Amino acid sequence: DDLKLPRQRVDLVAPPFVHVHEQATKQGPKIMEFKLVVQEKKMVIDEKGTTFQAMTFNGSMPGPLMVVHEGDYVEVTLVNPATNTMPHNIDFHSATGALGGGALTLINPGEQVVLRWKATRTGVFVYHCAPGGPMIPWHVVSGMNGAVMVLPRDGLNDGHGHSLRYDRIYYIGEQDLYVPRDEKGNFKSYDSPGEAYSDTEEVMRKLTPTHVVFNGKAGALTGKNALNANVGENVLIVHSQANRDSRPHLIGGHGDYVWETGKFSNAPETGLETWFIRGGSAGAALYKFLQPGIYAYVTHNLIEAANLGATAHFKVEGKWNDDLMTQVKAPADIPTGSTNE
């Protein structure tokens, strides 16, 4: 029975940015058309230049953020070009049936498939490859995961009948990576994903990542690729982790409104220091910036954040508020008449 709704093609953009969309809409349901192209390729994952045999949707880790509204249909063309070596598919945690779509989307290199799913559940959700068996974790931890956001048609709210609107949105995809090492402790390089598999599975089995990164590599969102904001902006930070828990924290800020389980039918929590993304989910936090400067956005296992790759920066422009915080006295020598025992 043909579905007779307007169609809208969406052009995806690379994370941490997000394709243009409306928060609140008075448009009715549409068939929102997306295309995802699998790309297997070697990628650089840390500041020392370590390479890795990655598998991606659309060439990025994470895959791009898709944004639709409650009641939309999402029609995804998944493409597996013949330059790839492996079968792939896609499972939407936002979707109902057929293992999230995985059981309807298995494609060999040289094939494509078209899946439609109704966006009946609001929130942010993981999508990921899941070919079957041990290939499920391996494809996911090789990079084949992203997220989709299903907004209410009226946009976000605080769970107490007040509208919330963001000025800016970023998508932070966190990736646990399992890179083999040689006898001397150095990371091993491989010429294909298949050649990396046996050694990689051994590291995966011990459940300790070698790298934990945002946007696919250590330092991806620091330096010149810091995330911009301004004092007074309400920023939505979507965070996903398809395989492993995370505990996001904005250093020098808070989560004003946080959906840590990521589902907008639930009221957000207020004023959090650190929140929790259960592996296999996306969550989201709003924050209104009150102070200029550098903020570091981390998982608050600080070992993961500083030593395994999992730090991003915000650079925030505006005027410093000395009422909220001030340096009363700059560093100075301890007074000779001081005690301090």
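Numbering starts at 1 and runs along the sequence shown.
As listed in the deposited structure, the average C-alpha B-factor of 180-188 and of 246-254 is greater for 180-188. Note on 27-35 vs 306-314: mean CA B-factor is higher in 27-35. The PDB entry gives the largest Cα B-factor of the residues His300, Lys41, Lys288, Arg278 to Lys41.
Comparing the listed residues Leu236, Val141, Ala119, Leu164, the entry records the largest Cα B-factor for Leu164. When the modelled residues of the chain are ordered by their C-alpha B factor, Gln53 lands in the highest third. Per the PDB record, residue ranking by Cα B-factor puts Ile294 in the highest third of the chain. When the modelled residues of the chain are ordered by their C-alpha B factor, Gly223 lands in the highest third. Remark: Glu174 belongs to the lowest third of its chain, ranked by C-alpha B-factor as recorded. Per the PDB record, residue ranking by Cα B-factor puts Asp199 in the middle third of the chain.
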